[PDB]
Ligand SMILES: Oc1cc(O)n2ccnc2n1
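In C-alpha cells, one chain follows: the form deposited without the named molecule.
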C-alpha cells in the first residue's frame, strides 16, 4: 500500500555563528580576558535560531550581562532591542531549552549551562 511512492531529498544552495567565526582556544582566551576585566559580568552569545523566519536579527551577538540580572529581565531586554510587539511569541533557549527558573541570577544559570569554552550560549526563536 502506497508502495508506488518514492522519496527525494531537496537540496538548497542557501553570517556564520560565533563558534564558526572563532576557534575554541580563541573563545577560551576571550573568556579569560573578560573574566579579568569585568569579574561581575557574564559573557553571553545570543543568536537567532537558524530556521527562524518570524523574528528579526540582532546586529550584535556578543554580550556582557551583569551577574544579578535574571532571565526575565534579559528576555525583556532582548524583546526591547528586537522591537517586538507585546503579543509576539518569543523564547530564549539555553542549551536548546527554555529556562524553567526565570527568577535566578544569570551567574547562577551560567554555572550550570555554560559551554566548555566558557561562554553561555543562547538562541532565540518563536517556538521551542
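For clarity, a rigid core is taken as the largest C-alpha set superposing within 1.5 Å between two forms. Numbering follows the first chain given and starts at 1.
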Practice task
May I ask which stretch, 70 to 78 or 90 to 98, sits farther from the shown form in 9 other deposited structures of this protein once every structure is superposed on the core, judging by RMS CA distance?
Solution key: 90 to 98
Exercise for the section: Please work out whether 41 to 49 or 81 to 89 has the higher root mean square C-alpha deviation in 9 other deposited structures of this protein relative to the shown form, with the rigid core as fitting region? Expected result: 81 to 89
Completion exercise
Of 25 to 33 vs 50 to 58, the stretch with the larger average CA B-factor in the entry is 50 to 58
Practice task
Please work out which of 91 to 99 and 40 to 48 has the higher mean CA B-factor as recorded in the PDB entry.
Solution key: 91 to 99
Handout entry: Residue, from 65, 71, 84, 77, that the PDB entry assigns the highest Cα B-factor
Key = 84
Practice task
Grab the CA temperature factor for residue 107 from the record and place it in the lowest, middle or highest third of its chain.
Solution key: lowest
Handout entry: Chain-wide C-alpha B factor ranking for residue 125, given as lowest, middle or highest third
Key = middle
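Just so you know, the form deposited with the named molecule bound exists too; it's not on screen, but the next bit is about it.
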Fill in the blank from the handout: Taking the named molecule as it sits in the deposited bound form and superposing it onto this form, judged by whether 3 or more of its atoms come within 2.4 Å of backbone or C-beta atoms, we find the site blocked
Exercise for the section: Kindly indicate whether 95, 109 and 121 are, all three, within 4.5 angstroms of the named molecule in the deposited bound form, using heavy atoms. Expected result: no
Practice task
Verify the contact flag for residue 91: yes if a non-hydrogen atom of it lies within 4.5 Å of a non-hydrogen atom of the named molecule in the deposited bound form, no if not.
Solution key: yes
Handout entry: Stretch 94 to 128: residues contacting the named molecule in the deposited bound form, 4.5 Å heavy atom cut-off
Key = 98, 99, 102
